């Protein structure tokens, strides 16, 4: 019933969820207090970002805690189908519960980017695996410089940006003459590519593709022996990065990360 100690079958019994959803939230400001209160009651640590355009977050707890909190979030009909993508550790990688209100759930700094009309641009990990072996594909990391340096897909280009809002300028100065080229984009869990792909499609890019649910989805789906992933995958929490097995890198990476998704 949740009030009895019963250790998980797993040694890594802390669940770390990552999620996002683009859906208009007219009352998004009024959701902050109820969600935050439930995090406090249940003992969830993590950061959830709310905006008019939707929700994004990462948070952690044991299975009993996640059962209660998933159910709570999903009790809003607009969130009934939130997909919590899980990785696991033996430590909670978040220091406290935070809910932030923002202009965007991930800040690219461009006014009318509609991530609807992204239909046809998503590649599953299996499709992606085949797609990005083509040396003629422009394989483009959408992540920040600190992320790229820890690890990336084989042959991936680094846009060398400090913040996601620098991405449109990168497109404008580097890719505008390449609208008819195959361009494949990826990030940690998919959220940034939702905006980059929509933004570029509108600009007239005809062959832009994005890795569905990002690097973490690929690492879970593709066996390590075949994987085109190199190095470690940066994450926006205490773990700093995870390896191909989606485990916290050991020994622990320096935690001047810096972390949370608001800096992204």
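Positions refer to the first chain, counted from 1.
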Q: Identify the stretch, either 197-205 or 28-36, whose C-alpha atoms have the larger mean B-factor according to the entry.
A: 197-205
Q: Averaging only over Cα atoms, indicate whether 7-15 or 252-260 has the higher B-factor in the PDB entry.
A: 252-260
Q) In the PDB entry, which of 106, 80, 140, 176 has its C-alpha at the highest B-factor? A) 176
(Q) According to the Cα B-factor stored in this entry, which of the following is highest: 75, 152, 188, 172? (A) 172
Q) What third of the chain, by the recorded C-alpha B-factor, contains residue 131? A) highest
Q | residue 88 by Cα B-factor - lowest, middle or highest third of the modelled chain | A | lowest
Q: Taking the values exactly as deposited, rank residue 156 by C-alpha B-factor within its chain and report the matching third: lowest, middle or highest.
A: middle
**Q.** Chain third (lowest, middle, highest) by recorded CA B-factor, residue given as residue 117
**A.** highest
Q) Thinking about Cα B factors across the chain, which third does residue 61 belong to? A) lowest
